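Q: This one is an experimental structure. Sequence first:
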Amino acid sequence: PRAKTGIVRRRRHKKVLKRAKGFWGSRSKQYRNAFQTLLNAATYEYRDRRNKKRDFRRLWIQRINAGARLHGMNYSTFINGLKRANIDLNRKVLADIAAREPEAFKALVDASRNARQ
Amino acid sequence: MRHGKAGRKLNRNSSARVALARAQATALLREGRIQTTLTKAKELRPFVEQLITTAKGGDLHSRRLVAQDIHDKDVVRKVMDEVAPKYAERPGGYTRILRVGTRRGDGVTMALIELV
Amino acid sequence: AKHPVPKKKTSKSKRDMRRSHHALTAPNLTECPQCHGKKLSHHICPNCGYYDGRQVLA
Amino acid sequence: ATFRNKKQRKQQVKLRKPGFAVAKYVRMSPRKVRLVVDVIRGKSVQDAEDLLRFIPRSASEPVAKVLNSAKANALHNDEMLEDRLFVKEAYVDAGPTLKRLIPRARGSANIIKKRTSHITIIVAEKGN
RNA sequence: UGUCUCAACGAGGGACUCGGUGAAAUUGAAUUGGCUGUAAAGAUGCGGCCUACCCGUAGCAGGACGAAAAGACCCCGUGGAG
RNA sequence: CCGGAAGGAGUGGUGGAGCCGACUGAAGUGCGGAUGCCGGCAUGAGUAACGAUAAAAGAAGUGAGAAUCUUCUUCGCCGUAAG
RNA sequence: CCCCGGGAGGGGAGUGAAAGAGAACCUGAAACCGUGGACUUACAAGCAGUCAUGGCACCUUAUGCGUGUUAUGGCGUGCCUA
RNA sequence: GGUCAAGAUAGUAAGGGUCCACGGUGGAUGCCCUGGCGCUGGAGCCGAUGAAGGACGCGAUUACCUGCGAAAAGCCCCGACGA
Ligand SMILES: [Mg+2]
Ligand SMILES: [Mg+2]
Ligand SMILES: [Mg+2]
Ligand SMILES: [Mg+2]
Ligand SMILES: [Mg+2]
Ligand SMILES: [Mg+2]
Ligand SMILES: [Mg+2]
Ligand SMILES: [Mg+2]
Ligand SMILES: [Mg+2]
Ligand SMILES: [Mg+2]
Ligand SMILES: [Mg+2]
Ligand SMILES: [Mg+2]
Ligand SMILES: [Mg+2]
Ligand SMILES: [Mg+2]
Ligand SMILES: [Mg+2]
Ligand SMILES: [Mg+2]
Ligand SMILES: [Mg+2]
Ligand SMILES: [Mg+2]
Ligand SMILES: [Mg+2]
Ligand SMILES: [Mg+2]
Ligand SMILES: [Mg+2]
Ligand SMILES: [Mg+2]
Ligand SMILES: [Mg+2]
Ligand SMILES: [Mg+2]
Ligand SMILES: [Mg+2]
Ligand SMILES: [Mg+2]
Ligand SMILES: [Mg+2]
Ligand SMILES: [Mg+2]
Ligand SMILES: [Mg+2]
Ligand SMILES: [Mg+2]
Ligand SMILES: [Mg+2]
Ligand SMILES: [Mg+2]
Ligand SMILES: [Mg+2]
Ligand SMILES: [Mg+2]
Ligand SMILES: [Mg+2]
Ligand SMILES: [Mg+2]
Ligand SMILES: [Mg+2]
Ligand SMILES: [Mg+2]
Ligand SMILES: [Mg+2]
Ligand SMILES: [Mg+2]
Ligand SMILES: [Mg+2]
Ligand SMILES: [Mg+2]
Ligand SMILES: [Mg+2]
Ligand SMILES: [Mg+2]
Ligand SMILES: [Mg+2]
Ligand SMILES: [Mg+2]
Ligand SMILES: [Mg+2]
Ligand SMILES: [Mg+2]
Ligand SMILES: [Mg+2]
Ligand SMILES: [Mg+2]
Ligand SMILES: [Mg+2]
Ligand SMILES: [Mg+2]
Ligand SMILES: [Mg+2]
């Protein structure tokens, strides 16, 4: 019995083409170039899934020592002094948000400045 | 470059340029008015104007001058004894052109030139 | 073959890029003052043949 | 006017094309015909017939003829108001293609593509 | 004696503009700059720095190790033929 | 939407007469590559070209439509020829 | 039979379950060409994606939920063969 | 409110881009059989009484195919069938 490709190739192909969506030019309408684009897209995906966590670490750090310098401290100094004070163990995420609620971050700064004199 | 110009080459050599302007002067004189390409009309206007001014002199010299260009004897006769005398008190401007839109095949724009 | 030749096929985008300059100009048509049809300027109203007076047949 | 299944909606709703007319298989390339048609577009149908009288392309002809069937069909088959028509839509699409092989230097051949056109245009009572 | 110093002017046929008909080789895809550096050792495409509004038309040939023929030289094959 | 993957189902649109699921068995059974094959359609691009530099002009006619067909009168080209 | 057209082609009318079958006559994918609409782009350096966030738009496996688009930031050297 | 100043920002799209919608191209895919393929078995020589294979003809009207052969889409006898 013969068993020609029939329905199968078109269906895998459409699966890739639908992954394409807003890909510029042939990247979204010709199969081979869509497939190949998605190879490099795999690369980018997995590695960024890692990276985003370095990213938000960086951003919270920026904001935290921005607030720390608002009061005459700095990230090195404020983070250490908080660490010295019965280990606060707030995440760097959480210290930022208290850089959206200044009256508290202030007291955290005075507390870090304490366990440090 | 080209900062002084006698007219046009059309797309023809010295011999033809002449044979054309001659033939077309002959036809406009025989026929009162004719339509042709707007270009070839603008080129015709002064040749034929000067030709009628030559014939406007009457003497055998002017007729033989006209015979130099209008080699058909009846047109020369008409221009000599009919048309030029009519243009007696007209100081040039023996001729006019008006333009009549565009042709099908080459998409060129024709116009008419006629005696005034 | 053909000494100069093109390198990559040109994009669907850049090809229509060049073409932004081929749109035709519509005639500045005007209403003929006697035949009540439309005519090109400084030419003779095709519909009635008129040009202030009337030069051409029909 | 809800129905229950396809076949009855098919046998009692015949589905028409107001203002529409097509010139199938015109022997011109769609690119040029599109230049003319693009000048016609959202335009009063009078000016459509005008502009087409005075525009120097070889394709002004068939595009004019089709512009008329629209008008005709709008006013005969569809009962519209001619003093109110306009070109609500107009477009050119590709027909089949007459391929003619042609000779060339030093023995080779070559395929010339005489393209054809589907010129459709569609008129309407430009209200607002 | 325009081969030349040293090129000029003129002619026609193209090239240019409009209307009709309308190919080709080539083409991984392209949102396709300069310097310097680095990289499989000659970078639009990596790094730094500079420069740069979008899109065409006529033209020049430095790059795209431009195009054409799975190098004819050279070596290799326990290949071939005269 | 679902499954860990290959993949699978729901629903809506087309379509107009055959077809899912399960178990077993047999395969011409899974494509991006081969300067692969057949076919279709693109880019170059409205670009180059329209095939001897022996020219063509006007009037009149026919026709849905004429630079290109017919008629008239001129013009130019071959004439040990292009008779 | 009627309409525009020299025709070709088409729009109606009528047959038929159906003309979403009309003789370029089953389905009718994709490349490829177009029309309309949303969101968008004329200081800009680009393997075209990816992550992140804001803006705008829509709500039939669908209101925390997305889906489409987009601005800016980070990151980022096509595929295969050898 | 008005002028002057300084600063910040909007919209415009020649064209392009992603998505959607509707078509056109093209003829994949599904269904189908008017056509093939193999195995099994059967049957197996035609011709000087003219072979095989052809040419030219035969029709009211005939270009192609079929059938026929100047007695030419056909003639005679027998059997079958019964519009
Ligand atoms: Mg970490
Ligand atoms: Mg010329
Ligand atoms: Mg006359
Ligand atoms: Mg004088
Ligand atoms: Mg019915
Ligand atoms: Mg030959
Ligand atoms: Mg010169
Ligand atoms: Mg010159
Ligand atoms: Mg750029
Ligand atoms: Mg180095
Ligand atoms: Mg370098
Ligand atoms: Mg990059
Ligand atoms: Mg660089
Ligand atoms: Mg600038
Ligand atoms: Mg050159
Ligand atoms: Mg090379
Ligand atoms: Mg080799
Ligand atoms: Mg040997
Ligand atoms: Mg599915
Ligand atoms: Mg049925
Ligand atoms: Mg196989
Ligand atoms: Mg392939
Ligand atoms: Mg592979
Ligand atoms: Mg091919
Ligand atoms: Mg030539
Ligand atoms: Mg007539
Ligand atoms: Mg003539
Ligand atoms: Mg000629
Ligand atoms: Mg002739
Ligand atoms: Mg006569
Ligand atoms: Mg002879
Ligand atoms: Mg009829
Ligand atoms: Mg008809
Ligand atoms: Mg239909
Ligand atoms: Mg159908
Ligand atoms: Mg078709
Ligand atoms: Mg048809
Ligand atoms: Mg038909
Ligand atoms: Mg059927
Ligand atoms: Mg079909
Ligand atoms: Mg619009
Ligand atoms: Mg659009
Ligand atoms: Mg900007
Ligand atoms: Mg981005
Ligand atoms: Mg200001
Ligand atoms: Mg526009
Ligand atoms: Mg069978
Ligand atoms: Mg025989
Ligand atoms: Mg007979
Ligand atoms: Mg026969
Ligand atoms: Mg006999
Ligand atoms: Mg019997
Ligand atoms: Mg019987």
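A: Cool, the structure landed. Residues are numbered from 1 along each chain as shown, chains lettered A, B, ... in the order given. Ligands and ions are numbered 1, 2, ... in the order given.
Q: alpha carbons only for contacts and neighbour counts from here, please
A: Noted.
Q: For residue B:26, which non-adjacent residue is closest in space?
A: Counting by CA to CA, 6 or more residues apart in numbering or on different chains, the nearest residue to residue B:26 once its immediate chain neighbours are dropped is residue B:70, at 5.9 Å.
Q: That neighbour and RNA strand H, how far apart?
A: 52 Å (CA to the nearest atom of the strand, to the nearest Å).
Q: That residue and residue B:76 touch, don't they?
A: Yes - contact status for residue B:70 versus residue B:76: in contact at 6.1 Å, counting by CA atoms under 8 Å.
Q: Regarding stretch C:35-42, how distant is the last residue from the first?
A: 16 Å (CA to CA, to the nearest Å).
Q: in the helix or strand containing residue D:33, what's buried?
A: Here residue D:33, judged by DSSP states H and E, is contained in helix D:30-40. By 16 or more other CA atoms under 10 Å in any protein chain shown, the buried positions in helix D:30-40 come out as D:30, D:33, D:34, D:35, D:36, D:37, D:39, D:40.
Q: spatially speaking, which residue is in the middle of chain A?
A: In chain A, the residue lying closest to the centroid (CA atoms, centre = their mean) is residue A:52, at 2.3 Å.
Q: For burial, what's the neighbour tally of residue 41?
A: I went with chain A, as the question did not name one. 11 (other CA atoms under 10 Å in any protein chain shown).
Q: Oops, wrong one, chain D.
A: Neighbours around residue D:41, by other CA under 10 Å: 18.
Q: just residue D:96 next, same as before
A: When counting by other CA under 10 Å, one arrives at 14 neighbours for residue D:96.
Q: Repeat that for residue B:11.
A: By the other CA under 10 Å criterion, the neighbourhood of residue B:11 contains 7 residues.
Q: what residues are up against it?
A: By CA atoms under 8 Å, 6 or more residues apart in numbering or on different chains, the contact set of residue B:11 is empty.
Q: got it, and residue C:28?
A: Contact analysis of residue C:28 by CA under 8 Å, 6+ apart lists C:40, C:41.
Q: That one - that's part of a helix, no?
A: No - assessed with DSSP: H, G, I helix; E, B strand; the rest coil, residue C:28 is coil; it does not lie in a helix.
Q: Ramachandran coordinates for it?
A: phi -80, psi 80 (degrees, to the nearest 10).
Q: Confirm that residue A:5 sits in a strand.
A: No - read with three-state DSSP, residue A:5 is coil and lies in no strand.
Q: returning to what we had before: check whether the helix holding residue D:33 comes into contact with RNA strand H.
A: No - Helix D:30-40 is not in contact with RNA strand H by CA under 7 Å from any atom of the strand; minimum separation 9.7 Å.
Q: Just name whatever secondary elements that helix is in contact with.
A: In terms of contacts (3 or more CA pairs under 8 Å, 6 or more residues apart in numbering or on different chains; DSSP states H and E), helix D:30-40 is packed against helix D:45-53, helix D:60-75, strand D:85-101, strand D:111-125.
Q: try 6 Å this time
A: In terms of contacts (3 or more CA pairs under 6 Å, 6 or more residues apart in numbering or on different chains; DSSP states H and E), helix D:30-40 is not packed against any helix or strand.
Q: near RNA strand F, anything from it?
A: Yes - judged by CA under 7 Å from any atom of the strand, helix D:30-40 comes into contact with RNA strand F through D:30, D:31, D:32.
Q: Does residue D:90 touch residue D:118 like I think?
A: No - the criterion here is CA atoms under 6 Å, and residue D:90 misses it with residue D:118 at 10.8 Å.
Q: Please identify the helix or strand for residue B:64.
A: Going by DSSP H and E, residue B:64 is in helix B:60-69.
Q: contacts for that helix?
A: B:22, B:54, B:55 (CA atoms under 6 Å, 6 or more residues apart in numbering or on different chains).
Q: Of those, which is the most crowded?
A: In the contacts of helix B:60-69, the most neighbours by other CA under 10 Å go to residue B:55, 25 neighbours.
Q: Up against RNA strand E, what does chain A have?
A: Residues of chain A lying near RNA strand E (CA under 7 Å from any atom of the strand): A:24, A:25, A:26, A:27, A:33.
Q: out of those, which are inside helices?
A: residue A:33 (DSSP state H).
Q: want to try CSV for the residues of chain A next to RNA strand E, with neighbour count and distance to chain D as columns?
A: Converted to CSV, the residues of chain A next to RNA strand E look like this (neighbours: other CA atoms under 10 Å in any protein chain shown; distance: CA to the nearest CA, whole Å):
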residue, neighbour count, distance to chain D
A:24, 9, 25
A:25, 13, 22
A:26, 14, 22
A:27, 19, 26
A:33, 17, 27
